[PDB]
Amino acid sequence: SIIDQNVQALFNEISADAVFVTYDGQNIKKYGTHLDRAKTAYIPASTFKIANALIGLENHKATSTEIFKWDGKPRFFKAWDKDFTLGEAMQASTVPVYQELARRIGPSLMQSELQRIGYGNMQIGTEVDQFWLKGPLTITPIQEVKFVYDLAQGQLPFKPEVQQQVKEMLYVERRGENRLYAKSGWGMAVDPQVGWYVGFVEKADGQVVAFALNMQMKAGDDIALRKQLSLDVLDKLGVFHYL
């Protein structure tokens, strides 16, 4: 399969252990340099924002139009020093906004909801605004792709409109009638560090291919690489051709 060879060559560039998983609703396929990562659990990092948003909307702790106001105290990034909706905060990965959401949900409800939907190992520990950044919550790349595949198809155990609104929070770009939805993550606070790019490509006719890049990161790594590599792979696969 020369297409597989083309994809694997993309990983020849890269010293970090990496896996790229796809799911089309029938079959799981794995690419990369360490395929066992696909069935290994890692902290979700900011990919957890998907589940956080679903849980927050489902349980009336926020709406998709509610503005989370900045209080005026400088945040870690100047990019975060503004008001955000949950969708805007999704694309900017505004951690303090989603920490506020998590505290609205609270530890009892967060724990019962993660158990209800079977998200990863469903463990949150005692800090409701830290568990996706520090652990103990972990999830495998295969679990991630099945989760977002179900989101794409509206088959998660949430209200239809809750799922649809969080789905569009993830929208990145379209090419022709093909749509890319995705969320990055970089679990820096744990060792080894984990890098994620999770999402799906939707065609006009409704067909969906979900994907997850999962790779080892280290201090000083290029922040843009997760998305770039994922787009390069999706193009080589013909799932999301470059225009």
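The first residue of the shown sequence is 1; numbering continues from there. We call the rigid core whatever largest set of C-alpha positions still superposes within 1.5 Å between the two forms.
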item: Stretch with larger C-alpha RMS deviation in 9 other deposited structures of this protein, core superposed, 67-75 versus 162-170; value: 67-75
item: Between stretches 217-225 and 21-29, more displaced by Cα RMS in 9 other deposited structures of this protein (rigid core superposition); value: 217-225
item: Between 121-129 and 91-99 (mean CA B-factor, as deposited), the higher; value: 121-129
item: Mean C-alpha temperature factor, higher of 22-30 and 39-47; value: 22-30
item: Highest-ranked of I55, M215, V209, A189 once sorted by CA temperature factor in the record; value: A189
item: Out of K167, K134, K146, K159, highest CA B-factor residue; value: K134
item: Cα B factor band for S112 (lowest, middle or highest third within the chain); value: middle
item: For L151, the third of its chain into which the C-alpha B factor falls; value: middle
item: Position of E13 among the chain's modelled residues by C-alpha B-factor, lowest, middle or highest third; value: highest
item: For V172, the third of its chain into which the C-alpha B factor falls; value: middle
item: Third assignment of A182 from its chain's C-alpha B-factors; value: lowest
